[PDB]
Amino acid sequence: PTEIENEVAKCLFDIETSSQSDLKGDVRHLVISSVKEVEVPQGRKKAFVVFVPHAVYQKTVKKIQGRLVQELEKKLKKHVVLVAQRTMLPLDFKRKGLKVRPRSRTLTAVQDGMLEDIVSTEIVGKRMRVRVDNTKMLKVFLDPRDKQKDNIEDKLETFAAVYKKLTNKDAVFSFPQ
Amino acid sequence: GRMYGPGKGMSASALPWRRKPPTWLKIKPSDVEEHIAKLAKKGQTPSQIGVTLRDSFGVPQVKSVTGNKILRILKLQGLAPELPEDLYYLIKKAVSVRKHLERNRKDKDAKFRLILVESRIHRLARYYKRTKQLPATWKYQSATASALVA
Amino acid sequence: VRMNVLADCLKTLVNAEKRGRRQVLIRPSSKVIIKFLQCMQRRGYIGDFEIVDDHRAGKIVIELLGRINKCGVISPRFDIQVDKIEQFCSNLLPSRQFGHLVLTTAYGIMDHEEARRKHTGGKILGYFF
Amino acid sequence: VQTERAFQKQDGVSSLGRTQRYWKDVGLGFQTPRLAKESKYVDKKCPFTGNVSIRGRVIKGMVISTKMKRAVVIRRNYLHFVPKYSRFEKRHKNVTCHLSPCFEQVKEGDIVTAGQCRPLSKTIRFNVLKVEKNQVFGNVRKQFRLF
Amino acid sequence: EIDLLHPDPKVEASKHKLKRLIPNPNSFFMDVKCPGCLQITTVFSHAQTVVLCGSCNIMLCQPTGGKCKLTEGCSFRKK
RNA sequence: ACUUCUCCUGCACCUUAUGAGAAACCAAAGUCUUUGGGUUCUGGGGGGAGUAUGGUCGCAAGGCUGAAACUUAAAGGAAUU
RNA sequence: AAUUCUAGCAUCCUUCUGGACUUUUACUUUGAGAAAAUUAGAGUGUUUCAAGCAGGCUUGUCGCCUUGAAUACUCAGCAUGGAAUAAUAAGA
């Protein structure tokens, strides 16, 4: 299970056998945990969000990142964005043992770990707004250099949807003039 | 406004926004940790390592490349100093002034400055005993200070 | 050196209010200030504000209107007991009709109007009118 | 061990039991330490070993010296309100206090909880219940902790 | 009449290091090409030490107040 | 070395304020009845008096701490004629 | 529908059938217990009033109002709900 996790798992061993396949050998190390069907408002296509075991996502799978995303985009249609499963840790933590609760595991550090991972360009600057209505519209200024793929302009919409599905928080991206 | 003087200077290193830089850089986490353990074995303080790195070699910062700071790496390897560098260089300064002052006794300005450095040694030691960077019951003595340096 | 972070920023605000600026930046910013500015913003005393995410304490830049006559801070943070919220604002605020004391409480930072109906006092933080 | 001029013997154990050791359970949510049961010390005035009830109050505080024999003195700290100025004021009281030799290596500047009992000598009313190891740096009497 | 959120590129370049909206260093790194050797060396703009070559020590740059002087005709490319 | 321009750090200076002050004047004496950033020391009409006595430091000269009885309706500040 | 309080679901304990664990207090909330007189105060024409704790209905008689004399107030100490603030602890 589930249905979409099988569909994404079906695509991976197709990327193995593609006559040559540049990154086919490398992936074998790669494995997948889970998915989430997230649809952008008025989205042209639903964009799959693929979770990654943390150990796999470190040395093993983030070496390329970009090449893999474009292959699944043309193969499966849609969009795709690819993140690590960070465990989190609840505040009650002391119960059931444990002491340090290292701050990599805390909720601010996980949600910061999402943004670095989802955009995938890096972020030149990050800023948050607080409206008179009283809702916190965050902003994430990506680097203007290396705009590259036209998809980035189309995919700039869907990060607001992907960020809202995980963290329940409003984010607007864009590139500084 | 500093501490002891009246001077009110703003000069400092201002670190960049981006982390794990730079795109241009490569090498490795592993190879930098070998270089630091090499230069520590040569006999060279945690400050003086990161100067030697960013000047001649690559790496702007070690905290960018590796997860750890320089003193964290030394203490993991077990090539750390016995007492910390800021306390070392204040004691060595105090020993240098005591050589001068017991030659030239009428120098009142040197007598004033020796109170200021030795006052700082006492209060800065009281920090390092609290954080357990110094053995408990470790105290400054102007008799035994000169052999303690080198 | 720099004991109260909130105390510096409201003096920075109320100066550049009286000079008559459109917007001001403040520094070093905190979790308390954004919550203090949030409960000004409900009552309609300032407009929007950004909070730049520099890798540091951070800078808060507020759009503001010509509306605050004054905001201030009560250091030391006295304790008050729901009886004695009425005794403070009789002394402190300019009238009974308008103005707000604002005071941290175990159900979050809030005005004295909210602190009455929730029926819990706490430590007094500041005021504005 | 027989230090003294009289024979030090534990009441509770009869002369028929001469192997057997008596140990009380003091109650009030305080566990009996293991070194009370295992060791061969006497103490008349111990909560866990001898005739003394603990009853009434319980007091936490910082140990300031352990010089006199089978006894400590425990600095309590507290704030005192001064209603004119609407403002607090740091005071202290040194309670002198019994402790039993089940508690090995009771260092200066340790935390110690102590229940009330009958007056054992003039100065001491309280008896120890439980200790905790912590370091304190420089003087102990400077160290303000409220508990 | 003023814009604290979006300040000008010209004016914020003039300001001190820390007084800018986002603080960042006006120093930089350089790929230096000394005249004899075909090798290249990554050298900091403000160097506090006398930097030697990759083999048989010539000399890349001598330290000054701020930016180090580079020795005679030798080119340098910013990263 | 000099010219032009920007940055901090110094001693200042000029101009001006719907900022302050009793006024003289003041980028601090501003942000204080719209009164609370942190903290040390000092003052409570004018004399008697920095005197007396006691203490303590000093080789001395004197220093630091420091009263009372009685006395008096004004002393004092800044500007105006 | 505003204003309170509360259960869920976004990966949220359990040993049992209410308490044990969540570093520890301060703080705040509600609650206990704390003599009356005095003080504020409910009721009541001591002729008014200071007061006082009495009275008021009614040819009915085991008189009635299953008569009133309320209530608040009284740092430290004991207990408790709680997400901020501030100390404090630490660093399988």
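Residues numbered from 1 in each chain as written, not as in the entry; some residues may be left out. Chains lettered and ligands numbered in written order. Part of a larger assembly, values for the part shown. Heavy atoms only, no water. Residues with missing side-chain atoms left out of burial classes, pairs and counts.

- Structure determination for the deposited model, as stated in its record, used cryo-EM, and the stated resolution is 3.35 Å.

## What about the protein's contact with RNA strand F?
Here comes step 1: Neighbouring RNA strand F are 22 residues, the closest being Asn 15, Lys 70, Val 73 and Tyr 127 of chain C together with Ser 14 of chain E.
Here comes step 2: The sugar and phosphate moieties of RNA strand F supply 82% of its atoms located within 4 Å of the protein.
Here comes step 3: Here a sugar or linking oxygen of RNA strand F sits 2.8 Å away from a polar atom, N or O, in the main chain of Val 73 of chain C.
Here comes step 4: Interatomic distance of 2.7 Å between a backbone N/O atom of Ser 14 of chain E and a sugar or linking oxygen of RNA strand F.
Here comes step 5: Element by element, the count of residues in the surface near RNA strand F is highest for helix α1 (residues 5-19) of chain C, at four residues.
Here comes step 6: For the surface near RNA strand F, a count of residues per class yields 11 nonpolar, six polar and five charged. (Near = heavy atom within 4 Å. Polar contact = N/O pair within 3.5 Å; in protein donor to acceptor, adjacent residues only side chain to side chain. Helix = DSSP H or I, 4+ residues; strand = E, 2+ residues; numbered from the N terminus. Nonpolar A, V, L, I, M, F, W, Y, C, P; charged D, E, K, R; others polar.)

## So, helix α4 (residues 70-77) of chain B
All names here are of chain B.
Here comes step 1: Looking at α4, one finds that the buried residues are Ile 70, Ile 73 and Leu 74. Axial view of α4: buried residues confined to an arc of 95 degrees, hence all on one face. Exposed residues pointing more than 90 degrees away from the buried face of α4 are listed as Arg 72, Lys 75 and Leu 76.
Here comes step 2: Contact partners of the buried residues in α4: α1 (29-42), α2 (46-56) and α3 (62-65).
Here comes step 3: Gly 78 occupies a position one or two residues after α4 and carries a positive phi of about 80 degrees. (Buried < 20%, exposed > 50% of the residue type's maximum accessible area, 1.4 Å probe, protein only. Arc of directions from axis to C-beta. Contact = heavy atoms within 4.5 Å.)

## Considering the protein's contact with RNA strand G
Here comes step 1: Taken together, 27 residues lie around RNA strand G, and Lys 94, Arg 95 and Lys 96 of chain A, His 119 of chain C together with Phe 147 of chain D are the ones closest in.
Here comes step 2: Close to the protein, within 4 Å, the atoms of RNA strand G are drawn from sugar and phosphate at a rate of 71%.
Here comes step 3: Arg 117 of chain C has a polar side-chain atom sitting 3.1 Å from a sugar or linking oxygen of RNA strand G.
Here comes step 4: Between a sugar or linking oxygen of RNA strand G and a main-chain N or O atom of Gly 121 of chain C, the distance comes to 3.1 Å.

## Some details on a nonpolar patch on the surface
Here comes step 1: Taken together, the side chains of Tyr 78, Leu 79, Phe 81, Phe 88 and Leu 146 of chain D define a hydrophobic patch exposed on the protein surface, amounting to about 470 Å² of accessible area.
Here comes step 2: Tracing the sequence through the fold places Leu 146 of chain D in the segment after β5 (126-132). (Patch = residues over 30% accessible without salt bridge, like charges linked within 9 Å, V, L, I, M, F, W, Y side chains within 5 Å. Areas by Shrake-Rupley, 256 points an atom, 1.4 Å probe, with all protein chains shown as cover. Salt bridge = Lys/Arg side-chain N within 4 Å of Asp/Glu carboxyl O.)

## Brief notes about helix α5 (residues 107-119) of chain A
Residues and elements named next belong to chain A.
Here comes step 1: With 13 residues, α5 should reach 18 Å at 1.5 Å per residue; the first-to-last C-alpha distance of 19 Å fits that figure.
Here comes step 2: Regarding α5, the residues found buried are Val 110, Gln 111, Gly 113, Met 114, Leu 115, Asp 117, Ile 118 and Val 119.
Here comes step 3: Among the structural elements, α3 (54-60), β3 (79-85), β4 (123-130), β5 (138-142) and α6 (150-167) are those in contact with the buried residues of α5.
Here comes step 4: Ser 120 sits one or two positions beyond α5 and adopts a positive phi of about 70 degrees. (Expected span 1.5 Å × (residues − 1).)

## Re a negative patch on the surface
Here comes step 1: Side chains of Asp 112, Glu 116 and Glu 122 of chain A together with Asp 53 of chain C sit close together on the surface and give a patch of like negative charge.
Here comes step 2: Looking at the element boundaries, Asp 112 of chain A is found in helix α5. (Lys, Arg positive; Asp, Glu negative; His and termini not counted. Charge placed at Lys NZ, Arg CZ, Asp CG, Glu CD.)

## A short note on the pairing of strand β4 (residues 111-116) of chain D
Residue and element names in this part refer to chain D.
Here comes step 1: Of all six residues in β4, five are buried, a share of seventy percent or more.
Here comes step 2: Two strands pair when backbone bridges link them, and β4 and β5 are joined in this way by six bridges, in the antiparallel orientation. Bridge pairing in β5 places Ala 114 opposite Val 128. (Pairing = 2+ DSSP bridges.)

## A look at the sheet that holds strand β1 (residues 35-38) of chain A
Residue and element names in this part refer to chain A.
Here comes step 1: Read from one edge of the open sheet, three strands run β1-β2-β3, paired in mixed fashion. Among the strands making up the open sheet, the edge pair consists of β1 and β3. When the angles between neighbouring strand axes are averaged without regard to direction, this sheet yields 20 degrees.
Here comes step 2: Where strand β2 (residues 47-53) meets β3, seven bridges bridge the pair, whose relative direction is parallel. Within the sheet, the bridge partner assigned to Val 49 lies in β3 and is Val 81. (Axes fitted to C-alpha atoms, helices over the stretch in contact; angles between N-to-C directions.)

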